[PDB]
């Protein structure tokens, strides 16, 4: 019974559970064992590196892991490459494969997704002159590419903008945003790099009087989580890039299995 691992840097978001279920679904249909390793929070890279090192020591048939840092995983990844343990990157990938080796990547092209969302925003709300980008985890190389994409679209079109570190604590996200709007009450658009930033904002959009947030800005986000879908339906959110985490999880375990059982070579896949 071949053993496989799916290791990530977070697990509380609805995004993670979709991805986890896709992988579990593939594991079940292909009849292989899957162990999921993820820190108790939204981000804890040193703990993730720990999981990867522990998994490697069990000589698994394959590992699918997120790689949200350009340096924190280098040693672990290099080790895995030397021991010939196939590693597939999912969700987030490093910019240098020689320093951070892995076989292929399954996920979105974060830089492009951002550009696509910025373009969509200016297309659905051309009258925009001021935008706000909410980053729940500055440093996350994947989110950094998204923000960069959006920003290149905004600047090229002359739109003013600023990126804000909101963290993941709901109360802090809401107050950082309310603080920004009091100083710039003209902000017309808000970009949420993940649903972690959207959820706290959505609550204020749903109860504008209770939160003293009647601005009614145009909002764009990433990931179609249950609450995100509800806000779209309510027309409080204009557009959301979907990375299809379930497809991502399912296909990653599938390629690892096909490689082991048939000596096939996995390939990169843009799951957007």
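Numbering follows the first chain given and starts at 1.
Mean C-alpha B-factor is higher over 40 to 48 than over the other stretch, the pair under comparison being 203 to 211 and 40 to 48. The mean Cα B-factor in the deposited entry runs higher for 151 to 159 than for the other of 165 to 173 and 151 to 159. Highest C-alpha temperature factor among 98, 135, 108, 195 per the entry: 98. Of the candidates 190, 88, 141, 124, it is 124 whose Cα B-factor is highest according to the PDB record. Sort the modelled residues of the chain by CA B factor and residue 216 lands in the highest third. When the modelled residues of the chain are ordered by C-alpha B-factor, residue 29 sits in the highest third. Among the modelled residues of its chain, residue 74 has a C-alpha B-factor that falls in the middle third according to the deposited record. Annotation for residue 53: C-alpha temperature factor in the highest third relative to the rest of the modelled chain, per the entry.
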